Every structure is written in structure tokens, then in C-alpha cells.
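So this one's input33.csv, CSV, C-alpha atoms:
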chain,number,residue,atom,x,y,z
J,1,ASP,CA,-18.3,10.2,-6.8
J,2,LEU,CA,-21.3,11.8,-8.6
J,3,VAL,CA,-23.9,9.4,-7.2
J,4,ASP,CA,-22.5,9.0,-3.7
J,5,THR,CA,-22.0,12.8,-3.3
J,6,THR,CA,-25.6,13.3,-4.3
J,7,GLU,CA,-26.8,10.8,-1.8
J,8,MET,CA,-24.9,12.6,0.9
J,9,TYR,CA,-26.5,15.9,-0.1
J,10,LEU,CA,-29.9,14.4,-0.1
J,11,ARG,CA,-29.3,12.7,3.3
J,12,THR,CA,-28.0,16.0,4.7
J,13,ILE,CA,-31.1,17.9,3.4
J,14,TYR,CA,-33.3,15.2,4.9
J,15,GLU,CA,-31.6,15.5,8.3
J,16,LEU,CA,-31.8,19.3,8.4
J,17,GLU,CA,-35.6,19.0,7.7
J,18,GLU,CA,-35.8,16.3,10.4
J,19,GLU,CA,-34.1,18.7,12.9
J,20,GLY,CA,-36.5,21.5,12.0
J,21,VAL,CA,-33.7,23.4,10.2
J,22,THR,CA,-34.2,24.9,6.8
J,23,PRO,CA,-32.3,23.3,4.0
J,24,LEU,CA,-30.2,26.3,2.9
J,25,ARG,CA,-27.1,25.8,0.8
J,26,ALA,CA,-25.1,27.7,3.3
J,27,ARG,CA,-26.2,25.4,6.1
J,28,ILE,CA,-25.6,22.3,3.9
J,29,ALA,CA,-22.1,23.7,3.2
J,30,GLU,CA,-21.4,24.5,6.8
J,31,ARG,CA,-22.6,21.0,7.9
J,32,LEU,CA,-20.6,19.4,5.1
J,33,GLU,CA,-17.6,21.5,5.7
J,34,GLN,CA,-17.7,22.2,2.0
J,35,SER,CA,-17.4,25.5,0.2
J,36,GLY,CA,-20.4,27.4,-1.1
J,37,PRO,CA,-19.4,27.3,-4.7
J,38,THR,CA,-18.9,23.5,-4.3
J,39,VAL,CA,-22.3,23.0,-2.8
J,40,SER,CA,-23.7,25.3,-5.5
J,41,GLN,CA,-22.0,23.2,-8.1
J,42,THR,CA,-23.5,20.0,-6.7
J,43,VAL,CA,-27.0,21.4,-6.1
J,44,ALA,CA,-26.9,22.6,-9.7
J,45,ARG,CA,-26.2,19.1,-11.0
J,46,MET,CA,-28.9,17.8,-8.6
J,47,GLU,CA,-31.4,20.2,-10.1
J,48,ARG,CA,-30.5,19.1,-13.6
J,49,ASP,CA,-31.2,15.6,-12.5
J,50,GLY,CA,-34.5,16.7,-11.1
J,51,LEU,CA,-33.7,15.8,-7.5
J,52,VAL,CA,-33.9,19.2,-5.9
J,53,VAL,CA,-35.0,22.7,-6.8
J,54,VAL,CA,-33.8,25.9,-5.2
J,55,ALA,CA,-37.2,27.4,-4.3
J,56,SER,CA,-37.7,31.1,-5.3
J,57,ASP,CA,-37.0,32.0,-1.6
J,58,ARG,CA,-33.6,30.2,-2.0
J,59,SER,CA,-34.4,27.2,0.2
J,60,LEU,CA,-33.8,23.6,-1.0
J,61,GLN,CA,-37.0,21.8,-1.9
J,62,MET,CA,-36.6,18.1,-2.6
J,63,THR,CA,-38.6,17.0,-5.7
J,64,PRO,CA,-40.7,13.9,-5.1
J,65,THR,CA,-38.0,11.7,-6.7
J,66,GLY,CA,-35.2,13.4,-4.8
J,67,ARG,CA,-37.2,12.8,-1.6
J,68,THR,CA,-37.6,9.1,-2.4
J,69,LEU,CA,-33.9,8.8,-2.9
J,70,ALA,CA,-33.1,10.8,0.2
J,71,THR,CA,-35.4,8.5,2.2
J,72,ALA,CA,-33.9,5.2,0.9
J,73,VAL,CA,-30.4,6.5,1.7
J,74,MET,CA,-31.5,7.3,5.2
J,75,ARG,CA,-33.3,4.0,5.4
J,76,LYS,CA,-30.0,2.1,4.5
J,77,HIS,CA,-28.1,4.5,6.7
J,78,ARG,CA,-30.3,3.6,9.7
J,79,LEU,CA,-30.5,-0.1,9.1
J,80,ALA,CA,-26.7,0.0,8.9
J,81,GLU,CA,-26.5,1.7,12.4
J,82,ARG,CA,-28.8,-1.0,13.8
J,83,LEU,CA,-26.7,-3.8,12.2
J,84,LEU,CA,-23.6,-2.2,13.7
J,85,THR,CA,-24.9,-1.7,17.2
J,86,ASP,CA,-27.4,-4.6,17.5
J,87,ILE,CA,-25.3,-7.3,15.8
J,88,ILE,CA,-21.6,-6.4,15.1
J,89,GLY,CA,-21.3,-4.5,18.4
J,90,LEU,CA,-19.3,-1.6,17.0
J,91,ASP,CA,-18.3,1.1,19.5
J,92,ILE,CA,-21.4,3.4,19.6
J,93,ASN,CA,-19.0,6.3,19.1
J,94,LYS,CA,-18.2,5.0,15.6
J,95,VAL,CA,-21.5,3.7,14.4
J,96,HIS,CA,-22.6,7.0,12.6
J,97,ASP,CA,-19.4,7.6,10.6
J,98,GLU,CA,-19.3,4.0,9.5
J,99,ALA,CA,-23.1,4.2,8.6
J,100,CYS,CA,-22.3,7.3,6.6
J,101,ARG,CA,-20.2,5.0,4.3
J,102,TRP,CA,-22.4,1.9,4.2
J,103,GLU,CA,-25.5,3.8,3.3
J,104,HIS,CA,-24.0,4.2,-0.2
J,105,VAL,CA,-23.0,0.5,-0.5
J,106,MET,CA,-25.9,-1.4,1.1
J,107,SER,CA,-28.4,-3.0,-1.3
J,108,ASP,CA,-32.2,-3.1,-1.0
J,109,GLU,CA,-32.0,-6.9,-0.6
J,110,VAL,CA,-29.6,-6.5,2.3
J,111,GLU,CA,-32.1,-4.0,3.8
J,112,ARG,CA,-35.0,-6.5,3.7
J,113,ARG,CA,-32.8,-9.2,5.2
J,114,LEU,CA,-31.8,-6.8,8.1
J,115,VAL,CA,-35.4,-6.0,8.6
J,116,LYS,CA,-36.0,-9.7,9.0
J,117,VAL,CA,-33.0,-10.4,11.2
J,118,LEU,CA,-33.1,-7.3,13.5
J,119,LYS,CA,-35.5,-7.4,16.4
J,120,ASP,CA,-36.7,-3.9,15.8
J,121,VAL,CA,-36.4,-1.5,12.9
J,122,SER,CA,-38.5,1.4,14.3
J,123,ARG,CA,-35.8,3.8,15.3
J,124,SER,CA,-32.0,4.1,14.9
J,125,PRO,CA,-29.7,3.8,17.9
J,126,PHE,CA,-29.8,7.6,17.8
J,127,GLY,CA,-33.5,8.1,18.3
J,128,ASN,CA,-34.7,9.1,14.8
J,129,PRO,CA,-37.2,6.7,13.1
J,130,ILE,CA,-36.2,4.6,10.2
J,131,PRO,CA,-38.0,5.9,7.0
J,132,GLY,CA,-39.2,4.2,3.9
J,133,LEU,CA,-39.7,0.6,5.2
J,134,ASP,CA,-43.0,0.3,3.4
J,135,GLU,CA,-41.4,1.5,0.2
J,136,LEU,CA,-38.7,-1.1,0.6
J,137,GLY,CA,-41.2,-3.9,0.7
J,138,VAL,CA,-40.8,-4.6,4.5
V,1,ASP,CA,-12.5,6.9,-6.5
V,2,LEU,CA,-8.7,6.6,-6.7
V,3,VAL,CA,-8.3,5.0,-3.3
V,4,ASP,CA,-11.1,2.5,-4.0
V,5,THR,CA,-9.7,1.9,-7.5
V,6,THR,CA,-6.3,0.9,-6.2
V,7,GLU,CA,-8.0,-1.4,-3.6
V,8,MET,CA,-10.0,-3.1,-6.3
V,9,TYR,CA,-6.9,-3.3,-8.5
V,10,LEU,CA,-4.8,-4.8,-5.7
V,11,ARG,CA,-7.5,-7.3,-4.6
V,12,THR,CA,-7.8,-8.5,-8.2
V,13,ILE,CA,-4.1,-9.1,-8.6
V,14,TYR,CA,-4.5,-11.0,-5.3
V,15,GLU,CA,-7.4,-13.1,-6.7
V,16,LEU,CA,-5.5,-14.0,-9.9
V,17,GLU,CA,-2.4,-15.0,-7.9
V,18,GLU,CA,-4.5,-17.1,-5.7
V,19,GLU,CA,-6.2,-18.7,-8.7
V,20,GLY,CA,-2.7,-19.4,-9.9
V,21,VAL,CA,-3.1,-17.0,-12.8
V,22,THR,CA,-0.3,-14.8,-14.0
V,23,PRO,CA,-1.2,-11.1,-12.9
V,24,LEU,CA,-1.1,-9.8,-16.5
V,25,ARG,CA,-2.6,-6.4,-17.5
V,26,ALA,CA,-4.9,-7.9,-20.1
V,27,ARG,CA,-6.2,-10.5,-17.6
V,28,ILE,CA,-6.8,-7.8,-14.9
V,29,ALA,CA,-8.5,-5.5,-17.5
V,30,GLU,CA,-10.8,-8.4,-18.6
V,31,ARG,CA,-11.6,-9.2,-15.0
V,32,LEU,CA,-12.4,-5.6,-14.0
V,33,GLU,CA,-14.1,-5.2,-17.5
V,34,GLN,CA,-12.1,-1.9,-17.9
V,35,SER,CA,-9.9,-1.4,-20.9
V,36,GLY,CA,-6.2,-2.1,-21.3
V,37,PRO,CA,-5.2,1.6,-21.6
V,38,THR,CA,-7.2,2.5,-18.4
V,39,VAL,CA,-5.4,-0.3,-16.6
V,40,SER,CA,-1.9,0.9,-17.7
V,41,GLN,CA,-2.7,4.4,-16.5
V,42,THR,CA,-4.0,3.1,-13.2
V,43,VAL,CA,-1.0,0.7,-12.9
V,44,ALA,CA,1.4,3.6,-13.6
V,45,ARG,CA,-0.2,5.5,-10.7
V,46,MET,CA,0.2,2.5,-8.4
V,47,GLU,CA,3.8,2.1,-9.5
V,48,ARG,CA,4.5,5.7,-8.5
V,49,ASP,CA,2.7,5.0,-5.3
V,50,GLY,CA,5.1,2.1,-4.8
V,51,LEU,CA,2.4,-0.5,-4.6
V,52,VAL,CA,3.2,-2.4,-7.8
V,53,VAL,CA,5.9,-3.1,-10.4
V,54,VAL,CA,5.4,-4.4,-13.9
V,55,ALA,CA,7.9,-7.3,-13.8
V,56,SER,CA,10.2,-8.7,-16.4
V,57,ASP,CA,7.6,-11.0,-17.9
V,58,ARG,CA,5.2,-8.0,-17.8
V,59,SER,CA,3.2,-9.5,-14.9
V,60,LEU,CA,2.3,-7.2,-12.0
V,61,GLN,CA,4.4,-7.7,-8.9
V,62,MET,CA,2.9,-6.2,-5.8
V,63,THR,CA,5.5,-4.6,-3.5
V,64,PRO,CA,5.3,-5.5,0.1
V,65,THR,CA,3.2,-2.4,0.8
V,66,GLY,CA,0.9,-3.3,-2.1
V,67,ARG,CA,0.5,-6.9,-0.9
V,68,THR,CA,-0.2,-5.6,2.6
V,69,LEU,CA,-3.0,-3.5,1.3
V,70,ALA,CA,-4.3,-6.2,-1.1
V,71,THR,CA,-4.5,-8.6,1.8
V,72,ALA,CA,-6.4,-6.1,4.0
V,73,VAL,CA,-8.9,-5.5,1.2
V,74,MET,CA,-9.4,-9.2,0.7
V,75,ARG,CA,-9.8,-9.6,4.4
V,76,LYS,CA,-12.5,-7.0,4.6
V,77,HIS,CA,-14.1,-8.5,1.5
V,78,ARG,CA,-14.2,-12.1,2.8
V,79,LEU,CA,-15.2,-10.9,6.3
V,80,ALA,CA,-18.1,-9.1,4.5
V,81,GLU,CA,-19.1,-12.3,2.8
V,82,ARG,CA,-19.3,-14.1,6.2
V,83,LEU,CA,-21.4,-11.3,7.6
V,84,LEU,CA,-23.6,-11.4,4.5
V,85,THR,CA,-24.2,-15.2,4.5
V,86,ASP,CA,-23.9,-16.2,8.1
V,87,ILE,CA,-25.7,-13.3,9.7
V,88,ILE,CA,-27.5,-11.2,7.1
V,89,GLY,CA,-28.7,-14.2,5.1
V,90,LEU,CA,-28.3,-12.4,1.7
V,91,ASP,CA,-28.9,-14.6,-1.4
V,92,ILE,CA,-25.6,-16.4,-2.1
V,93,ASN,CA,-25.9,-15.3,-5.7
V,94,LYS,CA,-25.6,-11.6,-4.6
V,95,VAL,CA,-22.9,-12.0,-1.9
V,96,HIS,CA,-19.9,-11.5,-4.1
V,97,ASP,CA,-21.1,-8.3,-5.7
V,98,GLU,CA,-22.2,-6.9,-2.4
V,99,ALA,CA,-18.7,-7.8,-0.9
V,100,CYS,CA,-16.9,-6.0,-3.8
V,101,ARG,CA,-18.5,-2.8,-2.5
V,102,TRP,CA,-18.2,-3.3,1.2
V,103,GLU,CA,-14.5,-4.1,1.1
V,104,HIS,CA,-14.0,-0.4,0.5
V,105,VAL,CA,-15.9,0.9,3.5
V,106,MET,CA,-15.6,-1.7,6.3
V,107,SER,CA,-13.3,-0.3,9.1
V,108,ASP,CA,-10.7,-2.4,10.8
V,109,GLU,CA,-12.9,-1.9,13.9
V,110,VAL,CA,-15.8,-3.6,12.2
V,111,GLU,CA,-13.4,-6.4,11.2
V,112,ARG,CA,-12.2,-7.2,14.7
V,113,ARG,CA,-15.9,-7.2,15.8
V,114,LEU,CA,-16.9,-9.5,13.0
V,115,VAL,CA,-14.1,-11.9,13.9
V,116,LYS,CA,-15.5,-11.9,17.5
V,117,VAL,CA,-19.1,-12.3,16.3
V,118,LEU,CA,-18.8,-14.8,13.5
V,119,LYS,CA,-18.8,-18.5,14.1
V,120,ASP,CA,-15.9,-19.3,11.8
V,121,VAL,CA,-13.7,-16.8,10.0
V,122,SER,CA,-11.2,-19.3,8.5
V,123,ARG,CA,-12.7,-19.3,5.0
V,124,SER,CA,-15.2,-17.4,2.9
V,125,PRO,CA,-18.4,-19.1,1.9
V,126,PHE,CA,-16.7,-19.5,-1.5
V,127,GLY,CA,-13.8,-21.7,-0.3
V,128,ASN,CA,-10.8,-19.3,0.0
V,129,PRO,CA,-9.2,-18.6,3.4
V,130,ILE,CA,-9.6,-15.2,5.0
V,131,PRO,CA,-6.1,-13.5,4.9
V,132,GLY,CA,-4.5,-10.9,7.1
V,133,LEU,CA,-6.2,-11.9,10.4
V,134,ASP,CA,-2.9,-11.9,12.3
V,135,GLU,CA,-2.0,-8.4,11.1
V,136,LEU,CA,-5.5,-7.2,12.0
V,137,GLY,CA,-5.0,-8.2,15.6
V,138,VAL,CA,-7.0,-11.4,15.9
V,139,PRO,CA,1.9,-6.2,17.2
V,140,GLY,CA,-0.9,-3.9,18.5
V,141,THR,CA,-0.9,-0.2,17.9
V,142,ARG,CA,1.7,2.3,18.9
V,143,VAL,CA,0.4,4.2,21.9
V,144,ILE,CA,0.9,7.5,20.3
V,145,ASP,CA,-1.5,6.5,17.4
V,146,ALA,CA,-3.9,4.7,19.6
V,147,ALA,CA,-4.1,7.6,22.0
V,148,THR,CA,-7.3,9.5,21.6
V,149,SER,CA,-8.6,12.7,23.4
V,150,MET,CA,-11.0,10.4,25.2
V,151,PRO,CA,-9.8,7.6,27.6
V,152,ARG,CA,-10.3,3.9,26.8
V,153,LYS,CA,-9.1,0.6,28.2
V,154,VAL,CA,-6.4,-1.2,26.1
V,155,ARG,CA,-4.3,-4.3,26.7
V,156,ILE,CA,-0.5,-3.8,26.6
V,157,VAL,CA,0.9,-6.1,24.0
V,158,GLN,CA,4.6,-4.9,24.1
V,159,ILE,CA,6.5,-2.2,26.1
V,160,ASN,CA,9.8,-2.5,24.1
V,161,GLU,CA,12.3,-1.9,26.9
V,162,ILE,CA,15.2,-3.2,24.8
V,163,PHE,CA,14.8,-0.2,22.5
V,164,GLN,CA,14.7,2.4,25.2
V,165,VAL,CA,17.6,4.8,26.0
V,166,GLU,CA,15.6,6.6,28.7
V,167,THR,CA,14.8,4.1,31.4
V,168,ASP,CA,13.7,6.6,34.1
V,169,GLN,CA,10.1,5.4,33.8
V,170,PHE,CA,10.7,1.6,34.1
V,171,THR,CA,9.9,1.4,37.8
V,172,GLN,CA,7.1,4.0,37.4
V,173,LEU,CA,5.4,1.4,35.0
V,174,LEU,CA,6.2,-1.5,37.4
V,175,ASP,CA,4.6,0.2,40.4
V,176,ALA,CA,1.5,1.0,38.3
V,177,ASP,CA,1.4,-2.8,37.6
V,178,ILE,CA,1.5,-1.9,33.9
V,179,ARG,CA,3.1,-4.8,32.0
V,180,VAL,CA,2.3,-7.4,29.3
V,181,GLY,CA,-1.4,-7.9,29.1
V,182,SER,CA,-2.2,-5.0,31.5
V,183,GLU,CA,-5.4,-3.2,30.5
V,184,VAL,CA,-4.4,0.4,30.8
V,185,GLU,CA,-6.9,3.2,30.3
V,186,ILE,CA,-5.1,5.4,27.9
V,187,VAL,CA,-6.0,8.9,26.6
V,188,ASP,CA,-4.3,11.9,24.9
V,189,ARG,CA,-4.0,15.0,27.0
V,190,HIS,CA,0.6,13.7,26.6
V,191,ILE,CA,-0.4,10.1,26.7
V,192,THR,CA,-1.1,8.9,30.2
V,193,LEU,CA,-1.3,5.2,30.9
V,194,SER,CA,-3.5,4.6,33.9
V,195,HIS,CA,-3.7,1.2,35.7
V,196,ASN,CA,-3.7,-0.1,39.3
V,197,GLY,CA,-5.2,3.3,40.2
V,198,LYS,CA,-1.9,4.9,39.2
V,199,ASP,CA,-1.2,7.0,36.1
V,200,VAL,CA,2.0,7.1,34.1
V,201,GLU,CA,2.4,10.2,31.8
V,202,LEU,CA,4.6,8.7,29.1
V,203,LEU,CA,7.3,10.5,27.2
V,204,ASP,CA,7.6,10.7,23.4
V,205,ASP,CA,10.0,7.7,23.2
V,206,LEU,CA,7.9,5.4,25.4
V,207,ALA,CA,4.7,6.6,23.7
V,208,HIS,CA,6.0,5.6,20.3
V,209,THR,CA,7.2,2.1,21.3
V,210,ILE,CA,4.6,0.9,23.8
V,211,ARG,CA,1.9,-0.9,21.8
V,212,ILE,CA,-1.7,-1.4,23.1
V,213,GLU,CA,-3.9,-3.7,21.1
V,214,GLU,CA,-7.6,-4.6,21.0

In C-alpha cells, what does this structure look like?
Amino acid sequence: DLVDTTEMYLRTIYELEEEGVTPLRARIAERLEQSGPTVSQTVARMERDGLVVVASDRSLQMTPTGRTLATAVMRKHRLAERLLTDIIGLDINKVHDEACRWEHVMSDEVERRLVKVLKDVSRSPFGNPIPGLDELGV
Amino acid sequence: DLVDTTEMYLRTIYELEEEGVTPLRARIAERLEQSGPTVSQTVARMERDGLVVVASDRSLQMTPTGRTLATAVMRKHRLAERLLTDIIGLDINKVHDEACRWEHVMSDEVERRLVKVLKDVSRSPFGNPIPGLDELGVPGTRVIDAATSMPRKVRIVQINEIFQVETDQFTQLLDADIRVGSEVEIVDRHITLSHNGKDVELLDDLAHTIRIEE
């Protein structure tokens, strides 16, 4: 799905950065288990949508808009993990794969509610901080 | 997404049926907003997938497999609405739309957990009863499928001795106090049922028939 695939690329780029890794199409591919030509295809579309630009040095620089989108996806992704662990009680070993799906289907309104019903929305069960809370309106 | 499409298609046939409406292509198309041709192409696919049959009267008859999937999708859907209203507190005006998306991504594991965590899972906030609960668990899963590379505790639901030819391991299981209800820590390294401190390395036949639920 065009949009969902894009959100996964933006979230992946975000994570790499977060790990201190350089967003390189080959690493994105390797992390996504996808073929180079496929990631190229997708990153091309993404550029045409003004979400990313392959910097002259061939690294992937998220435009301001792409970054805002990548952040909201991660935000949802991480509120989702909190819902799963904190409330639903899902096996911790499944929280991330599930969250990888829900991040595409969760709405802003649900996010705000979760922010209001979860005891803490600072970090995810996995240690990384939950981004964009202020931009969400919570 | 083809998988998600079929699920939305099946859940809709399910809704009309429940509403007492005849599952007609024009009706479904209208409901899904999509056009009649698109629906025929998508119904054709399902028919080849053995999930639906365009009946005599031209209504859509879900095959058992179709209905089984339709029910599961509706279950996830209504379970999602309970999570959304009871726990999350999402505006009731936005619960249905949200649920139409979540039904495609909520795992069976999340469902069993919601069933445990929700106060009442008999009905959806909108009046209709939540289907497929029995087939969700709250029988069991064939040990061979439930067996993962990492151990975990599971409650025996059925051993199925009546179907066994090879009975050499019957006592082995009895000494290991592994019987109905017995929480045996299983794993896949073949499947080894561990309980009462003992371990029972099952054989293909036993592994397929013994069902451990959750």
C-alpha cells in the first residue's frame, strides 16, 4: 500500500538515525529485507512526494515534512506498544510486530486518548522516547 | 491490499446477513462505496479462493471457510470497538471507522487478551453480539503448530488417544502427569512436552493430534 509502505520507510529511516546509523538505501533494504531496486523505487516515489531526498553523498535526508510524518508514525507506533504492554498485556515478545501494524491504523484522536489513559508516555517499553507528543496536542 | 479487501468484503456480507439484508452485489458495492464491476472482479477472486459462491438468486453465499473468516474479522472488529469505547475512550462517533481498520491488524493473541481484560465481551457498543469467541479459545492448537523454538507453558486441551495407532508413549505421558488441563512447557527442538519435571519428546503423530490451548 503506497501510504503504508511509505510510513514504514520513514519509520525505518527514523530508527536508523535513532540508532546512530546512517540512513543508506542499502541499510534500509537490508533492514527491510527488501531488494535494492525496490527500495530505490520507493525512495524515488518518496522524493517525488517531497518526503525524502537522497543527499549528494547518497545518504537519505528526511525533508521537514517527511520528518513530521516519520515522527507521528513512530509516535503512534510507540503509544501502540504502551497500550499493548500496559493495558492489553500482550506477550512482550509480540508487542513490536503488532505495533508495526497498528502504527498505520491508529488515529490521532486515539493517540490523545491513550496519552490520557496511560500512566506514562515518556518512553516505549523498549527504552526509546515517544516523539511528537507536543505536535499531537498532548 | 487483497487480504484486507477480502476481509472487508466478507465482514460486509456478514453485516448485511445480520441486518437481514440479502447479500447482493449492488448492496455490497453501495455499502463499500466501490463500483459494481470492482465488486464482481473481487467476488470472482473470492470464488476462486473458495470463500464465496454467487447463488441461484445471485446473492453471495459464503462457503464455510468464508464464513469462518468473516466471523473472525467481525470478532476482531467488535473486540476493537470494546477496546476503543471501554478502555481507550474514543469518541463513539469515530469508533466504527477506527474499528474498520483495526479488524485487519489485530492478532488472535490481542483478542484473547482483550477478552481477558474487557469487562463484557458479549456485545459491541452498537448492539450486535461479538461472534467467534468459542473458536478463538475463550479445540486448542495442534502442538506441532503451537510449538515454537522457545519454550512456553500451555494447557493440554486434548490428547486424542482414540486416533493414535502408536501407543508406545501413553504411559510416558501418564508418568509425566501430562493429561487434560496439564500445563506443559512445550518448545520446538522435535516437540518436547515437559511437565512434572519430566519431558516427553513427542513423535510426529502425537505432535499433530495433541492440542495445547491458551

If I take CA of residue 108 in chain V and CA of residue 129 in chain J, how far is one from the other in Å, to one decimal?
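Result for CA of residue 108 in chain V versus CA of residue 129 in chain J: 28.1 Å, one decimal.
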
Give me, as CSV, the closest atom pair and its distance (Å, one decimal) for every residue of chain J within a cut-off of 10 Å of chain V, counting only C-alpha atoms, rows sorted by chain and rising number.
residue,atom,partner,partner_atom,distance
J:1,CA,V:1,CA,6.7
J:83,CA,V:88,CA,9.0
J:84,CA,V:110,CA,8.1
J:87,CA,V:117,CA,8.0
J:88,CA,V:113,CA,5.8
J:89,CA,V:113,CA,6.6
J:90,CA,V:110,CA,6.3
J:91,CA,V:109,CA,8.3
J:94,CA,V:109,CA,8.9
J:95,CA,V:110,CA,9.5
J:98,CA,V:107,CA,7.4
J:99,CA,V:105,CA,9.4
J:100,CA,V:105,CA,9.6
J:101,CA,V:105,CA,6.0
J:102,CA,V:105,CA,6.6
J:104,CA,V:101,CA,9.2
J:105,CA,V:101,CA,5.9
J:106,CA,V:98,CA,7.5
J:107,CA,V:98,CA,7.4
J:109,CA,V:90,CA,7.0
J:110,CA,V:90,CA,6.1
J:111,CA,V:88,CA,9.2
J:112,CA,V:90,CA,9.1
J:113,CA,V:88,CA,6.0
J:114,CA,V:88,CA,6.2
J:115,CA,V:88,CA,9.6
J:116,CA,V:88,CA,8.8
J:117,CA,V:88,CA,6.9
J:118,CA,V:88,CA,9.4

Could those selected residues go to a file with C-alpha atoms, as a PDB file, in the frame of the given file?
ATOM      1  CA  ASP J   1     -18.300  10.200  -6.800  1.00  0.00           C
ATOM      2  CA  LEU J  83     -26.700  -3.800  12.200  1.00  0.00           C
ATOM      3  CA  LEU J  84     -23.600  -2.200  13.700  1.00  0.00           C
ATOM      4  CA  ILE J  87     -25.300  -7.300  15.800  1.00  0.00           C
ATOM      5  CA  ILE J  88     -21.600  -6.400  15.100  1.00  0.00           C
ATOM      6  CA  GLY J  89     -21.300  -4.500  18.400  1.00  0.00           C
ATOM      7  CA  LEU J  90     -19.300  -1.600  17.000  1.00  0.00           C
ATOM      8  CA  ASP J  91     -18.300   1.100  19.500  1.00  0.00           C
ATOM      9  CA  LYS J  94     -18.200   5.000  15.600  1.00  0.00           C
ATOM     10  CA  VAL J  95     -21.500   3.700  14.400  1.00  0.00           C
ATOM     11  CA  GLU J  98     -19.300   4.000   9.500  1.00  0.00           C
ATOM     12  CA  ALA J  99     -23.100   4.200   8.600  1.00  0.00           C
ATOM     13  CA  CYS J 100     -22.300   7.300   6.600  1.00  0.00           C
ATOM     14  CA  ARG J 101     -20.200   5.000   4.300  1.00  0.00           C
ATOM     15  CA  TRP J 102     -22.400   1.900   4.200  1.00  0.00           C
ATOM     16  CA  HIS J 104     -24.000   4.200  -0.200  1.00  0.00           C
ATOM     17  CA  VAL J 105     -23.000   0.500  -0.500  1.00  0.00           C
ATOM     18  CA  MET J 106     -25.900  -1.400   1.100  1.00  0.00           C
ATOM     19  CA  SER J 107     -28.400  -3.000  -1.300  1.00  0.00           C
ATOM     20  CA  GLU J 109     -32.000  -6.900  -0.600  1.00  0.00           C
ATOM     21  CA  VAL J 110     -29.600  -6.500   2.300  1.00  0.00           C
ATOM     22  CA  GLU J 111     -32.100  -4.000   3.800  1.00  0.00           C
ATOM     23  CA  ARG J 112     -35.000  -6.500   3.700  1.00  0.00           C
ATOM     24  CA  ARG J 113     -32.800  -9.200   5.200  1.00  0.00           C
ATOM     25  CA  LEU J 114     -31.800  -6.800   8.100  1.00  0.00           C
ATOM     26  CA  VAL J 115     -35.400  -6.000   8.600  1.00  0.00           C
ATOM     27  CA  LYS J 116     -36.000  -9.700   9.000  1.00  0.00           C
ATOM     28  CA  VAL J 117     -33.000 -10.400  11.200  1.00  0.00           C
ATOM     29  CA  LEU J 118     -33.100  -7.300  13.500  1.00  0.00           C
TER      30      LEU J 118
END

Please provide the set of residues having any atom within 10 Å of residue 42 in chain V, restricted to all atoms listed in the file, with same-chain residues fewer than 6 positions apart removed, written as a PyMOL selection string.
chain V and resi 2+5-6+9+36

Let me have the centre and edge lengths of the axis-aligned box enclosing all listed atoms of range 88-101 of chain V with 5 Å padding on every side, in Å to one decimal, as lines of an AutoDock Vina configuration file.
center_x = -22.9
center_y = -9.6
center_z = 0.7
size_x = 22.0
size_y = 23.6
size_z = 22.8

Residues near residue 75 in chain J, cut-off 6 Å, all atoms listed in the file, skip fewer than 3 positions along chain, as a PyMOL selection string:
chain J and resi 71-72+78+130-131
